[PDB]
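Architecture and fold: a report
One letter stands for each residue in the lines below.
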Amino acid sequence: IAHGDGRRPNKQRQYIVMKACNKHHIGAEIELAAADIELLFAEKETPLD
Amino acid sequence: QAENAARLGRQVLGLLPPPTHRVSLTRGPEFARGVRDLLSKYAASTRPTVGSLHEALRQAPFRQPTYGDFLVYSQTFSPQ
């Protein structure tokens, strides 16, 4: 906004903003017992099995 | 009584060393479908279940030790 005092005039301005993303990583470990993995493939035998 | 023998049809043919990867060239690129245990990154879902990963657990490494059979005097090896 210009005005009538002795101040210098104002040229038009321009601004440029540089923004970037950030990487993040997430991870958890599950253990599974070897017999639990195996007897999912073992055959049905008896009503206790 | 052959049901007992049908058990040994299951267990012996189920427990073998994995055979050699040999596919004739006239079949084509079917051999790439016969490579499953080298695949080591299985896909996951929102709610994964065993039925989604029962194929994932099926590939397991090949581990079989070699035993030793010793016939010992009962005096040297303490019985318990």
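Residues numbered from 1 in each chain as written, not as in the entry; some residues may be left out. Chains lettered and ligands numbered in written order. Part of a larger assembly, values for the part shown. Heavy atoms only, no water.

As stated in the entry header, the method of structure determination is cryo-EM and the reported resolution is 4.3 Å.

1. Describing the overall build of chain B
Of regular secondary structure, chain B possesses 2 helices and 0 strands. Since a compact globule built from 80 residues should have a radius of gyration of about 12 Å, the 21 Å found for chain B marks it as more spread out than a globular shape. Taking the principal axes of the C-alpha coordinates as reference, chain B spans close to 60 × 40 × 35 Å. Among the 80 residues that make up chain B, the fraction classed as buried is 1%. Working note: accessible area of chain B is about 8600 Å², and carbon and sulfur atoms make up 57% of it. Computed over 10 positive and 5 negative side-chain charges, the separation of the two mean positions in chain B equals 7 Å. (Helix = DSSP H or I, 4+ residues; strand = E, 2+ residues; numbered from the N terminus. Rg over C-alpha atoms; globule rule 2.2 N^0.38 Å. Buried < 20%, exposed > 50% of the residue type's maximum accessible area, 1.4 Å probe, protein only. Areas by Shrake-Rupley, 256 points an atom, 1.4 Å probe, with all protein chains shown as cover. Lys, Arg positive; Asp, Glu negative; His and termini not counted. Charge placed at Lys NZ, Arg CZ, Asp CG, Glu CD.)

2. A word on a nonpolar patch on the surface
On the surface, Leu8, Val12, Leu13 and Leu16 of chain B cluster together into a nonpolar patch covering about 430 Å² of accessible area. Residue placement: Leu8 of chain B occurs in helix α1 (residues 2-14). (Patch = residues over 30% accessible without salt bridge, like charges linked within 9 Å, V, L, I, M, F, W, Y side chains within 5 Å. Salt bridge = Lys/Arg side-chain N within 4 Å of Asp/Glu carboxyl O.)

3. Some points on the interface of chain B and chain A
Contact residues are listed per partner, giving 6 residues for chain B and 6 residues for chain A. Here chain B and chain A share 2 salt bridges between them. Across the salt bridge formed by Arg7 of chain B and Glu45 of chain A, the nearest N and O atoms sit 2.3 Å from each other. Scanning the region where chain B abuts chain A turns up 1 residue pair in polar contact. Within the side of chain B that touches chain A, the residues separate by chemical class into 2 nonpolar, 1 polar and 3 charged. (Contact = heavy atoms within 4.5 Å. Polar contact = N/O pair within 3.5 Å; in protein donor to acceptor, adjacent residues only side chain to side chain. Nonpolar A, V, L, I, M, F, W, Y, C, P; charged D, E, K, R; others polar.)

4. Quick word on the environment of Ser52 of chain B
Residue and element names in this part refer to chain B. Residue position: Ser52 is located in helix α2 (residues 50-53). A C-alpha to C-alpha distance of 9.7 Å links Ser52 and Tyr42, two positions 10 residues apart in sequence. At 2.4 Å, the side chain of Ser52 and the backbone oxygen of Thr49 are in polar contact.

5. Things to note about the layout of surface pockets
Any empty space left between atoms is shown by rolling a water-sized probe over those atoms. The volume enclosed by the largest pocket comes to roughly 1500 Å³. Listing elements by their share of the lining of the largest pocket, those giving two or more residues are α1 (34-38) of chain A together with α1 of chain B. Of the volumes computed, that of the second largest pocket is approximately 270 Å³. Every residue along the wall of the second largest pocket is listed here: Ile30, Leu32 and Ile37 of chain A together with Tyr42, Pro48, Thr49, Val50, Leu53, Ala56 and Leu57 of chain B. The class makeup of the residues in the lining of the second largest pocket is 9 nonpolar, 1 polar and no charged. (1 Å grid on protein atoms, 1.4 Å probe; cavity = no way out; pocket = protein on both sides within 12 Å on 5 of 7 lines; lining within 4 Å. Points joined across faces, edges and corners; volume = space filled by probe spheres on them.)

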